[PDB]
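Visitor:
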Amino acid sequence: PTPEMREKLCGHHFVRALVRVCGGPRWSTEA
Amino acid sequence: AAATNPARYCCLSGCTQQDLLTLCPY
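Encoded structure:
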């Protein structure tokens with residue numbers, strides 16, 4: 001929620017980014 | 001640009017933390 005630059009989440013990028021934002025100690029299947 | 005697919009959308013255009021947060025589930 002800041003002037004952050006959109007990262008091109010191509011392939012695995014989406015996955016790692018998803019884990020980063022949603023939460024590491026939880027993506028025990030959704031990643 | 002536009003894309004009826006988040007993974008594709010994030011790849012083609014790109015996604016931030018906010019963008020991803022909006023896609024975060026329970």
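So the sequence lines, in the order shown, correspond to chains B and A.
At position 16 of the first sequence (counting the first as 1) the number is 16 in PDB author numbering, and the numbers step up by one without a gap.
At position 14 of the second sequence (counting the first as 1) the number is 14 in PDB author numbering, and the numbers step up by one without a gap.
We put the CB at the ideal spot given by N, CA and C, even for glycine.
What does A:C15 pair with, by DSSP beta-bridge criteria?
Guide: Bridge partners of A:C15: B:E7.
Visitor: Using a C-beta to C-beta distance shorter than 7 angstroms, which residues of chain B count as neighbours of A:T4?
Guide: Residues of chain B passing the Cβ test: none, with the nearest at roughly 15 angstroms.
Visitor: The alpha helix (DSSP H) spanning B:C22 covers which residue range?
Guide: Taken as a continuous stretch (DSSP letters only), the alpha helix (DSSP H) holding B:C22 covers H12 to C22.
Visitor: By the 9 angstroms beta-carbon criterion, what residues does the stretch 1-12 of chain B contribute toward chain A?
Guide: Result list: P1, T2, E4, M5, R6, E7, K8, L9, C10 and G11.
Visitor: Where does A:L23 sit, in a helix, a strand or coil, going by DSSP?
Guide: Coil, per DSSP.
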